[PDB]
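S.K.: Quick one, structure for this:
(9 chains)
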Amino acid sequence: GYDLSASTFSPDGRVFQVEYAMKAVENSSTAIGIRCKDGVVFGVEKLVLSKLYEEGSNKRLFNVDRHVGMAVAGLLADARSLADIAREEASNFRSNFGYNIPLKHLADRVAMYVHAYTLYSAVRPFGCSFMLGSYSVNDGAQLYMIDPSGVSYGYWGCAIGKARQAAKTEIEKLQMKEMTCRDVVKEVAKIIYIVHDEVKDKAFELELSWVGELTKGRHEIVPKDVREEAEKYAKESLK
Amino acid sequence: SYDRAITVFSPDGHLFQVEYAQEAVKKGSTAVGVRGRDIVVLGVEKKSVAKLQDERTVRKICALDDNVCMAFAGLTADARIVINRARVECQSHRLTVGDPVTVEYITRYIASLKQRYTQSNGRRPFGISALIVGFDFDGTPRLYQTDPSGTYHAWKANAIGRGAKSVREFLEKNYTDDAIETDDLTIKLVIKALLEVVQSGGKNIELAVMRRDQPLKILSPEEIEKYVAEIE
Amino acid sequence: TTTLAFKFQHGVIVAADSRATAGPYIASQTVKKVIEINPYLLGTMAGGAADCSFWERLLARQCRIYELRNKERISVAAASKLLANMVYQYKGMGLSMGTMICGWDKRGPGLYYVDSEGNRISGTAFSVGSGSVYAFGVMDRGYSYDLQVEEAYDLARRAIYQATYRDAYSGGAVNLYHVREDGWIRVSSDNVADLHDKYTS
Amino acid sequence: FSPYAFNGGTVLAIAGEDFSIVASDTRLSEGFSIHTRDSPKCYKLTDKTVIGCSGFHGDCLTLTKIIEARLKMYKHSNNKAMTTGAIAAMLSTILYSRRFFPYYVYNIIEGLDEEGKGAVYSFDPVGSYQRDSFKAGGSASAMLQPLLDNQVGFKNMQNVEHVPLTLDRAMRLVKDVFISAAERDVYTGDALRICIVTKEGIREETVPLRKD
Amino acid sequence: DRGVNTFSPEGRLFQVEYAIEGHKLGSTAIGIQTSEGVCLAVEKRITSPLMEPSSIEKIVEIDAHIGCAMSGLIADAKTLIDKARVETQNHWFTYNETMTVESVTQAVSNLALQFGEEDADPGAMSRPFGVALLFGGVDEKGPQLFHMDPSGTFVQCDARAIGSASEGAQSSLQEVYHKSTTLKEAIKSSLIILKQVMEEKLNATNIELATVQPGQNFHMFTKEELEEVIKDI
Amino acid sequence: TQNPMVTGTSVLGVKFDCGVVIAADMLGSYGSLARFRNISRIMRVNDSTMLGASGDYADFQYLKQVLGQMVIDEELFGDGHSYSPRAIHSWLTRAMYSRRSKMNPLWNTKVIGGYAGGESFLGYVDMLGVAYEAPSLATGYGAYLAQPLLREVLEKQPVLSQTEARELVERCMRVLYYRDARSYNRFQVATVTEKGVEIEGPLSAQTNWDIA
Amino acid sequence: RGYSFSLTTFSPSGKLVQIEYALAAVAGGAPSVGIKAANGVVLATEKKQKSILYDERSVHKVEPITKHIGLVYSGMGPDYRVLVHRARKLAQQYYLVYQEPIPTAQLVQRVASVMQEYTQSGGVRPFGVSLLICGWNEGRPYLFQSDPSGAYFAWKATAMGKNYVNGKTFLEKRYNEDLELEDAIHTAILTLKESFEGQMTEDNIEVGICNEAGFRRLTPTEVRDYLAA
Amino acid sequence: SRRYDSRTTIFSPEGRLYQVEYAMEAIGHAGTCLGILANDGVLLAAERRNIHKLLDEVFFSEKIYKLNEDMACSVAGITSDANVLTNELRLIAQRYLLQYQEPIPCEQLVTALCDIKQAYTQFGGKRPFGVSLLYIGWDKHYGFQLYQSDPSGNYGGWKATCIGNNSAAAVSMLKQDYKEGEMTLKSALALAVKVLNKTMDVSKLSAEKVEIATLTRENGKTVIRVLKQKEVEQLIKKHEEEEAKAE
Amino acid sequence: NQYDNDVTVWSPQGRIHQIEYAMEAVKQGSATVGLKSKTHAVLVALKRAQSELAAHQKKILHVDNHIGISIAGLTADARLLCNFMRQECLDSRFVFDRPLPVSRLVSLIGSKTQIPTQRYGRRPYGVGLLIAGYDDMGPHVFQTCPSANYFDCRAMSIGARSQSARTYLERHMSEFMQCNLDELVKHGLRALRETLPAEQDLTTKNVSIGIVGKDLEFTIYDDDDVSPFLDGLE
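M.R.: Numbering: from 1, shown residues only, chains lettered A, B, ... in the order given. Sure, the structure comes next:
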């Protein structure tokens, strides 16, 4: 009878409601991120269920501020709720203090908001995890990852999704500390195409984004020429 | 704040809380009322008087206004609340419109309250049934009856409580424009209608009469005693 | 403005003028200062026209709802009480009113005077406006309870005509109503100019 | 801090058998200087209703926006467009809702009724309204009213049979009245708009006056 | 066990599904729309001969051109009736014209489903209503007759029957009705079906009948005219 | 605000074919003291919208903050729609009116310029909620000293070129310097065209001729 | 935002088992003892630390409330702290209104009213602690005791915590009504000594007294002399 | 949450209120209290429940609680709820005096308290007070009175009642020794002592297991006086003597 | 058997049975169909046969001059949502003196629909929608779900037995762009004819048709105004 509320410790000190909101993510399609000297690069395998939808529906990359990106995994409605909260946090910060909010501060604020939903019986924990990423001449590139429980750590490359195991294993053989975004983008395309399953899921869409010095610190979406070339390179590499 | 649905529907569309409130009101002491030509009368049964009480404090027949009176069955503690709210309403109506209420106006007010306590959050229903009598400015006597659900009708004569199942059959057969001609005729009618349910014998009854004059007069024990002898 | 009303043997009589002014400039010359509230009631307009119209429309709505709920019409005393109660909630905020309610109930002819201050009084002859003192001098000297309908008509017309002859904020036409047992009727809408030649040479 | 300003402007409506006419001048003012020389005061409400406003320009703008929103709410809730009388009644209630800090506007609704004829309704800042046959509000209303009394009301003149107002004569009267008003009031006189509400639909015209 | 708001494996809202079953235990009513007006008729279902029959009012008047006939929980129906009256009077006050049967049915249907037990209102409902309604009236398009459910779905009909014998009453109404009736044949057939389905004997004090037509107001039948009609039949 | 403290003076505005040019001086007066002498009273809202304000300077800075956050937030999700000169003009009118209605107004006399869709925009928004459009504008004492010259020119030719509009603007700024006692001899000049907004640094009217 | 229903209810026999269970919790604390003498009262507790690592000086079990009142406890310390804080606030409010020091009986009544409020509100449990109050006012020493339900008494010598039955069984014998405060301390210490399972020390116990001059807890240097006999 | 709710304010399948039925059984096991009305005043006589030697009798009483200059009460059940009720009664009496500048009547006091007791059984989700009361008093209109309330919230005037433990047999023997109209205060005291002597399981009374208060009018003033141990002892001696003499 | 009652309880598989059931509610309704071309968008619905005597229903409602919807599910919830959308468009036109983009409208709708799905003692809106509008960027055929996520599509059908209409749609989507309005509408009526059983063909009073486009406001077509569209379906 301990599985029904976020106010009940198990006899062994666990919270099964958060443990279940984590399964909710542990069976969703994969998204990765890679930190570089110059900047960050996001990549997500977007699933196309039927032909009927227009390509561009169910985007998983948002713009929380003019220098912060965001990639999501899990329940997209909860994800959009969190994106509005983050937009709210950044705008208030700028109106109070007169300059842009640090990624370290934003992640801390959003993780506290997420954790507040893990204590009470009147609510339920969110069912989505997400990654952030910025670039500032002060602190350079950055990358974080928040869980449904509210824990946030810094990373060099993260692999939230269902193929996290195979994704992380292949991303560790990369030497990202010396590469650059133009040289990373290709790698993100290749690793996502490798980790992608082509049996259960037949067709998938690929979208990329980056924030670095080449975009002058503004989060963007990768232009179409770079993307086509990246896809071709990935296909050639795969055999 | 307490906000829970206490009374809710059930399979086959029943309201179990209201049905239980009625099962409770089916256990009080019997009350009987009839509508005369120029008089109205009520009558309540006393289960036991206990030889040690003060009857002035356990009366089940109140007076809401100069021309309206009532008598209940069920739970005294709930009846008291309903009665005082009805009194405040009578005073408000007099103040605002400069005229004493009608019997149907106060019956509607009471029934509206009783119904409101069946659809609100965090409340149980009232457990009483009332019989309201009185006269109006026209000079027409009235007699109504409410339910724990909020429904009310108008009747020639009625009986609530336990034993009403037989009091009604008796009164149905015996009610006629002949036993109505005079007050000392209708009062004996009410008395013999109450007596076959009082299995104690004698007078364990309270009886109040209300005429167009000398309102809410209450018959003394000796006076009520005289009528019993006459019947036999 | 000049309005009058007096109860007599055959019910109630009501009269008014029709000019409205903003300062020394005559904006309008035929207003309707009698407010038909329902087929069986009527009020009158003096003071702020917007206040008069708004609150008597509110009163009409409440009388209709009372009838629908209780299956019987409201009475003159109760309607006057409702109006006075409604305007007492805004004492000291600048409302300007002063009206007359007339009708018939189970008690006969009714004639009440409600103000913005909060008073209400029953009477047999009232008069409101800035020509009230001129209309009083003719109503007091001509009035008699043992009078019939056309004598009442003539007395009312004469009072209003002399009032608008001596007062600067009164003129135009005079509208005459008449409350009987079976609802009210409209009697005449003669104009003071066509009355003056009649009332002299 | 005074929350009001006086901006000038004159409006004039005239009802006929088959038609209805609202007219206005196009100058905006404040104090002794001129803001613009092309600013209308007549707003089409529906296919058979025009409204003219005067007084304070901020309140005029707010009021027209509120009325346009409420027409749409009514239509979405009742599956049909409003009528001139319903519009006049609703405007009465809207004007009374702000009665202790009121709109400083003088409204003049015009349109056709269900029986196909003109319906001029005059308003005062706090709500009082009455159905007229003609009306004039603004800065030269005391100058315009006696002329319309003499011409459309046919007052003070005998030895005349008073036949109805054709559209031609009505428009000529409106033009001449406004020319003479421009020659003596300092707040009118840039240009003249003329809206014509008829069975077919609303039409508009323009005539120039003399500049400052 | 459950809350009041709780879908089922078929997405059905248990409490509404029960409030709907609360109607197959009421007394039958019948409405019929003609080209000359509408007519409503309801069984009174007297219990014992000591109850006054002039005290059972199941056909009320909403306004001078709209009437209503109910079935179910007569205690519950009264708040709906009051709110419909108030809305019609507000519409008159604001727009100086009479409301429409469509607008009244639509505004009344918006109170249904407005229940709950947390963050609802200061004083809010705790369960759905248990009354079905039948509106009739005339407006700028002619006679109309609508129907309302506890779920909040309102339709427009020309001959509807609600109550505990409706599955048998409609089986005759569909054969009797045609687009060429007159209100008189309508009244006759509406009485014949009542007599067909009731348990007692259709006499002149255990039924009710009212009519609205383009000329007159809402008018109730008298124990004089009603008796004559019954005898005539 | 109840009482303004540090105030600016006149802002000018002209629209030419394919653009809009506005101008203002750089001075903050503390009631007849030239306290601050290098402040910027001109803003750039987005790629097609400029703004210059008169009156209280703290109110101008607050509105700068608010409008900037709005443009940022709508540009965030980048869906292909952007605010326009007209949308910003309306938003500003509504906010000014909402402040005056609580008896707590913002004490500015803003001017909006823009160029979208192939034609220019030039609007005026007073603290009371008065708002209109014109081919020329001027606030403060400019409404008396510079509007006559602009109108004298635009009467003859209804359309100017970029060079002629700029010449006219500086020719008027000179006279403002001659005759206004709260004016200064250093001003900025913004310009919006199909390529975007350009602001020019501290200019001078050194074309003075003091022959006493 | 919080529960609104009670957690303590009646049983088919009329008991309140939540209060009975809070009492069972109190029956498992550390022993406490109070003894009223002719010119003062004495509170004595068992302050036995788990291991030598714990710094003894930091936490106390015998606390003052005003310059003339002090109390001890048995049961749960985190609850005892809440009660101590609210008692201090209650005394300050009384002094603010009347410019007089509050009497012990009024103090006990207000504290027991709070403890009773926690038996009938929504979504809370009762306190798991009983109190022993001490005081001196108008030339007289007082000694009360408060229960988890909200019922207070008045004693001459009582005992709480573990082994309270034998504690009061032993306390009844020796108690004299003429007893001086200094000779009452010996009996209080001796009563504690009956059930200690160890060796007495100046840091195993706490002791407070109250006489004409106010409340104060004895220092270990004085507890040493008193333990020497 | 709904899982943990206990639903204290609902009906039973037979129309009962279980929480009130259980509070009445709680009140069933308390200490015996009894009242008796007479020609010249009323009297209460309770039973001391806490008899431990180490206690202190600082208070002038244990279960009396003078509520006003003219009234007084006594409780059975839960002391913690009794304290709340007594504070409320005092506040009600003072509010009445402030509004009318006259003392309150006893029936109005009892009514205003029973309203509060009733509002705890209809809404709120709380539990009800487990307390029964007896009252005594004197007013302008009816003189010496004696009432009684119960957890549900209904009262009633009496002439000789009893609550607590063995109250059934107490009332049974009260019915056979009370004669209306002829009883004086002394015969009242005698009957009270002789009823308390039996309805208590102990061998015989002790003059410290009891607690006795009276109420009289003297010189236009009400006097509420708790009897003393010596007086009680004398009464017990008198009871011992006459009873012994008969047999 | 204890996770299927509240909307704030996860199952051991990370699912919300309440939200599921609220979706199975939406499948009960009668099918709808929408699609868009280069310049026009179109909604077509099938008004269900309620009884032998009642006027069928209202399944297409105006939201604004450029936006219209078509519902399937709880009608009370549907009109509760429609009132919110109408107020949104009215508020927009009041503040900025311009229309609302359909995308921002659907954003507001989703953000409002999501909140109930998380708190205690509340339930999801049991209604699916289909929006059609025109803007600067052309037509739009958004679709929403009881679980607050929404989609964007060229052509989508919701309701009972709409699997066949969806198959027809994708199979013929290759030409919707170029096609004219008349051609576009017929493609819709054929697809809607697919879901009906064998014993019934489209008549003239159990179909509705909405249309919005470049130079044309949102219009609904009445019982016999749909006659010029059903003349050729042989």
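
S.K.: does any part of stretch F:79-96 sit near chain D?
M.R.: Yes. Using CB under 8 Å from any CB of the partner chain, stretch F:79-96 reaches chain D at residue F:93. The way it works is simple: take the backbone N, C-alpha and C, and place the C-beta from them, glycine included.

S.K.: which residue ranges form the strands in the chain?
M.R.: Just so you know, I chose chain A. For chain A, strands defined by DSSP state E occupy the ranges A:31-35, A:40-47, A:61-65, A:68-74, A:128-136, A:140-146, A:152-154, A:157-158, A:204-211, A:220-221.

S.K.: nope, chain F please
M.R.: Counting by DSSP E, the strands of chain F are F:7-8, F:11-16, F:19-25, F:28-29, F:34-36, F:42-46, F:49-52, F:55-56, F:111-116, F:119-125, F:131-133, F:136-138, F:187-193, F:196-203.

S.K.: Now chain F against chain B: closest residue?
M.R.: When distances are taken as CB to the nearest CB, chain F reaches nearest to chain B at residue F:102, 33.2 Å away.

S.K.: Residue H:36 is in what secondary structure piece?
M.R.: Using DSSP states H and E, residue H:36 sits within strand H:33-38.

S.K.: For that strand, name the packing helices and strands.
M.R.: strand H:41-47, strand H:72-77, strand H:131-137, strand H:145-149, strand H:160-163, helix H:185-199 (3 or more CB pairs under 8 Å, 6 or more residues apart in numbering or on different chains; DSSP states H and E).

S.K.: redo that, cut-off 10 Å
M.R.: strand H:41-47, strand H:72-77, strand H:131-137, strand H:145-149, strand H:160-163, helix H:167-175, helix H:185-199, strand H:210-218 (3 or more CB pairs under 10 Å, 6 or more residues apart in numbering or on different chains; DSSP states H and E).

S.K.: May I see the strands of chain A organised as JSON lines, with distance to residue E:230 and mean neighbour count added?
M.R.: Formatted as JSON lines, those follow (distance: least, CB to CB, whole Å; neighbours: other CB atoms under 10 Å in any protein chain shown):
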{"stretch": "strand A:31-35", "distance to residue E:230": "79", "mean neighbour count": "26"}
{"stretch": "strand A:40-47", "distance to residue E:230": "72", "mean neighbour count": "24"}
{"stretch": "strand A:61-65", "distance to residue E:230": "74", "mean neighbour count": "23"}
{"stretch": "strand A:68-74", "distance to residue E:230": "71", "mean neighbour count": "24"}
{"stretch": "strand A:128-136", "distance to residue E:230": "71", "mean neighbour count": "25"}
{"stretch": "strand A:140-146", "distance to residue E:230": "79", "mean neighbour count": "21"}
{"stretch": "strand A:152-154", "distance to residue E:230": "82", "mean neighbour count": "14"}
{"stretch": "strand A:157-158", "distance to residue E:230": "85", "mean neighbour count": "23"}
{"stretch": "strand A:204-211", "distance to residue E:230": "76", "mean neighbour count": "21"}
{"stretch": "strand A:220-221", "distance to residue E:230": "81", "mean neighbour count": "16"}
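
S.K.: Dump these into CSV; add distance to chain G as well.
M.R.: Formatted as CSV, these follow (distance: least, CB to the nearest CB, whole Å):
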stretch, distance to chain G
strand A:31-35, 37
strand A:40-47, 39
strand A:61-65, 30
strand A:68-74, 28
strand A:128-136, 26
strand A:140-146, 26
strand A:152-154, 28
strand A:157-158, 37
strand A:204-211, 41
strand A:220-221, 43
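
S.K.: okay, these in TSV with distance to residue E:125 next?
M.R.: Shown next, in TSV, are those (distance: least, CB to CB, whole Å):
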stretch	distance to residue E:125
strand A:31-35	46
strand A:40-47	43
strand A:61-65	40
strand A:68-74	36
strand A:128-136	35
strand A:140-146	41
strand A:152-154	44
strand A:157-158	49
strand A:204-211	48
strand A:220-221	50
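
S.K.: and residue D:184, what is it in contact with?
M.R.: Contacts for residue D:184 were tallied using CB atoms under 10 Å, 6 or more residues apart in numbering or on different chains; they are D:140, D:143.

S.K.: re earlier: right, so of the strands of chain F, which gets closest to residue C:7?
M.R.: strand F:131-133 (58.2 Å; CB to CB).

S.K.: so does that closest one get close to chain I?
M.R.: No. Between strand F:131-133 and chain I, judged by CB under 10 Å from any CB of the partner chain, nothing touches; the nearest distance is 11.0 Å.

S.K.: who does that strand pair up with?
M.R.: strand F:119-125 (antiparallel) (DSSP bridges).

S.K.: So which bits of the partner strand are buried?
M.R.: Neighbour-count burial for strand F:119-125, with 16 or more other CB atoms under 10 Å in any protein chain shown as criterion, is recorded at F:120-125.

S.K.: Quick check: the gap between residue A:205 and chain F.
M.R.: 19 Å (CB to the nearest CB, to the nearest Å).

S.K.: re the thing from before, specify which member of the buried residues of strand F:119-125 is nearest to chain G.
M.R.: Closest to chain G, out of all of the buried residues of strand F:119-125 and judged by CB to the nearest CB, is residue F:125, at 44.7 Å.

S.K.: which residues sit in contact with the closest one?
M.R.: Applying CB under 10 Å, 6+ apart to residue F:125 gives the contacts F:51, F:53, F:88-97, F:108-112, F:131-132.

S.K.: Residue most distant from the centroid, chain D?
M.R.: For chain D, the largest distance from the centre (CA atoms, centre = their mean) belongs to residue D:159, which lies 32.2 Å off.

S.K.: quick one: contacts for residue B:136?
M.R.: Counting by CB under 10 Å, 6+ apart, residue B:136 touches B:67-68, B:100-104, B:142.

S.K.: switch to 6 Å and redo it
M.R.: residue B:102 (CB atoms under 6 Å, 6 or more residues apart in numbering or on different chains).

S.K.: now the one 5 residues further on
M.R.: Contacts were defined as CB under 6 Å, 6+ apart; by that measure residue B:141 touches B:35, B:40, B:135.

S.K.: what's the longest helix in chain F?
M.R.: helix F:57-76 (DSSP state H).

S.K.: and it, is it in reach of chain A?
M.R.: Yes. Using CB under 6 Å from any CB of the partner chain, helix F:57-76 reaches chain A at F:69, F:76.

S.K.: Now do that helix: distance to the chain's middle.
M.R.: Mean-position distance between helix F:57-76 and its chain equals 16 Å (CA atoms, centre = their mean, to the nearest Å).

S.K.: list the helices and strands that helix packs on?
M.R.: Judged by 3 or more CB pairs under 6 Å, 6 or more residues apart in numbering or on different chains; DSSP states H and E, helix F:57-76 is in contact with no other helix or strand.
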